[PDB]
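In: Make a model of this:
(one chain, ligands or ions: 1)
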Amino acid sequence: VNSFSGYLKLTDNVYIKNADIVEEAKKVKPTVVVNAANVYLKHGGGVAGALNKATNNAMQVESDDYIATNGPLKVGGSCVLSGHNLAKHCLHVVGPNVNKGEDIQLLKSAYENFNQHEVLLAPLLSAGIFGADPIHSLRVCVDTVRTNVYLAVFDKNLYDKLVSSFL
Ligand SMILES: F[C@@H]1CCCN(c2ncnc3[nH]ccc23)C1
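Out: Numbering: from 1, shown residues only. Take a look:
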C-alpha cells in the first residue's frame, strides 16, 4: 500500500491523475519525484521551472553545482539529486525536446531511467513545452516502465484525451 490518492489505474504498474506534479509532491512527499529536465539542468518553465520555484530556487543552486562538477546530462539520461521540500529525491530525466530536433526514439531511453526506482511520481516525458505528442509518449511510458509510476498530467483536456484514449 502507498499514499497516492485519486489516481486512476491504467495497467498493473501505471497510474494517472489530473494534477500539477508539484502539488502531488507537496502532499505525498514521495521517495522520488521526476523532473522534466534539460541537459543543462536549467529549470526555466513547465515541470522544471514549477518544481524549482517550489524549492525557492534550491533545486537550481544544487543543479548548477552538479553541472559545474559533471558537465551536461545526455538526452535520454538522468541524475538523482535532492528532492528538497518536495520529495526525498528528484530524478532529473531528459526526454528529447522536439522543439530542438531531438530523436523521439530517445523517449524510450528516457523512461528506462524510471526502472531504477521502485515507485515514482512523474510527468509525461517530452510533453508540454518539450513538444512531444502525448499519446505516443504514454504508449512509451506503459511499454517501458516496469516499476510503479504515478503520472500527474496538469492539462485536463490532455488527461481527458489520454484517459479516454489509452488502449
Ligand atoms: F504543462 C504541461 C502539459 C501537461 C503536463 N505538464 C505538467 N504536468 C504536471 N505538472 C505540472 N506542473 C507544471 C507543469 C506540469 C506540462
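
In: Ends of stretch 76-89, what's the gap?
Out: 19 Å (CA to CA, to the nearest Å).

In: For it, buried residues please.
Out: 76-79, 81, 83-84, 86-87, 89 (16 or more other CB atoms under 10 Å). Placement of C-beta: from N, CA and C, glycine included.

In: of all of the protein, which residue lies closest to the ligand?
Out: residue 128 (2.8 Å; CB to the nearest ligand atom).

In: do stretch 96-104 and the ligand meet?
Out: No - Stretch 96-104 does not reach the ligand (CB under 6 Å from any ligand atom); its nearest approach is 12.9 Å.

In: okay, the buried residues of stretch 76-89 in JSON lines with secondary structure and distance to residue 144 next?
Out: Converted to JSON lines, these look like this (DSSP: H, G, I helix; E, B strand; the rest coil; distance: CB to CB, whole Å):
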{"residue": "76", "secondary structure": "coil", "distance to residue 144": "11"}
{"residue": "77", "secondary structure": "coil", "distance to residue 144": "15"}
{"residue": "78", "secondary structure": "strand", "distance to residue 144": "13"}
{"residue": "79", "secondary structure": "strand", "distance to residue 144": "19"}
{"residue": "81", "secondary structure": "strand", "distance to residue 144": "22"}
{"residue": "83", "secondary structure": "coil", "distance to residue 144": "23"}
{"residue": "84", "secondary structure": "coil", "distance to residue 144": "27"}
{"residue": "86", "secondary structure": "coil", "distance to residue 144": "24"}
{"residue": "87", "secondary structure": "coil", "distance to residue 144": "21"}
{"residue": "89", "secondary structure": "strand", "distance to residue 144": "20"}
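
In: okay if I get these as CSV plus distance to residue 55?
Out: Below are these laid out as CSV (distance: CB to CB, whole Å):
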residue, distance to residue 55
76, 25
77, 22
78, 18
79, 16
81, 11
83, 9
84, 4
86, 7
87, 10
89, 13
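
In: check contacts around the residue lying closest to residue 145 once chain neighbours are set aside.
Out: Take residue 145 and drop its neighbours on the chain: the residue closest to it by CB to CB, 6 or more residues apart in numbering is residue 114, 4.6 Å away. Counting by CB atoms under 8 Å, 6 or more residues apart in numbering, residue 114 touches 34, 91, 93, 120, 122, 144-145, 147, 149.

In: Which of those residues fall within helices?
Out: If you go by DSSP state H, the contacts of residue 114 have residue 144 in helices.
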